[PDB]
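Read the single chain below, which is given as structure tokens and is the form deposited in one PDB entry.
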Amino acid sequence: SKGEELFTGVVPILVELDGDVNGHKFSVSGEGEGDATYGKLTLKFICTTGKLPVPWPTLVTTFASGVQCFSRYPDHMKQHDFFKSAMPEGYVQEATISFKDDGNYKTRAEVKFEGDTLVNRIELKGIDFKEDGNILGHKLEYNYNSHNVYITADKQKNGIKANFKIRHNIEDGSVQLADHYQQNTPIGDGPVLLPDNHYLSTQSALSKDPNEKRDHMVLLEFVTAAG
């Protein structure tokens, strides 16, 4: 595809988010770099309005979804890469994150190229949360486990669909369950690749910057496509 040639080296990344959870408004800014030949990514996020009203690990699926274009697809599987084929014009992404016995997050994002940089613009709305629960009560640990993302084609809208289950570790030893459901639609009127059923194997690591006093998060990720 024509969009594939834009990912042969190291490319800079820029992210911006605006949110509202149970009446509390906030804003986040991010910056980093990606190398698709090795399926490697490095990013740093900062809260520009003060302190974050929700735990940092609950926002990982929203941030990681916007950079799925940096996945390493093996030679025998290159005909199944929707993400790179839609570039430079891009796509619109809509999703729902449901927490068991608690509330939900509804999101919308624009992913495209501006110059020689890959850009992400996101909006989030959170409703029906419990004040004494695991989310608003800040009872989750600062970590994230390995998982698989399942993909399928959506012919009627010339795009794709994605789904997986999440397991968040709690302070007492137990876990908090969640589900992520997503849908992608192209912006331009050019050709795209429609895939057969497959998955993406992922591993992540969360850390802190020792010289930083503002509320933040550092993320490192490795992603590979498999049949």
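Residues carry their position along the shown sequence, with the first being 1.
- Note on 93-101 vs 130-138: mean CA B-factor is higher in 130-138.
- In this entry, 182-190 shows the higher mean Cα temperature factor of the pair 182-190 and 54-62.
- Per the PDB entry, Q156 shows the highest C-alpha temperature factor of the residues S71, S85, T107, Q156.
- Within the selection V67, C47, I160, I170, the deposited Cα B-factor values reach their highest point at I170.
- Sorting the modelled residues of the chain by their CA temperature factor places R121 in the lowest third.
- Among the modelled residues of its chain, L43 has a C-alpha B-factor that falls in the lowest third, as given in the PDB entry.
- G19: CA B factor in the lowest third of modelled residues in this chain (values from the PDB entry).
- Ranked within its chain, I166 lands in the highest third, by CA B factor from the PDB record.
- The entry lists a Cα temperature factor for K213 that places it in the highest third of the chain's modelled residues.
The same protein also exists as the form deposited with a partner chain bound; that form is not shown, yet it is the one meant from here on.
- The closest heavy atom approach of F82 to its partner chain in the bound PDB entry falls outside 4.5 Å.
- Its partner chain is not shown here, and in the bound PDB entry it never comes within 4.5 Å of any heavy atom of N22.
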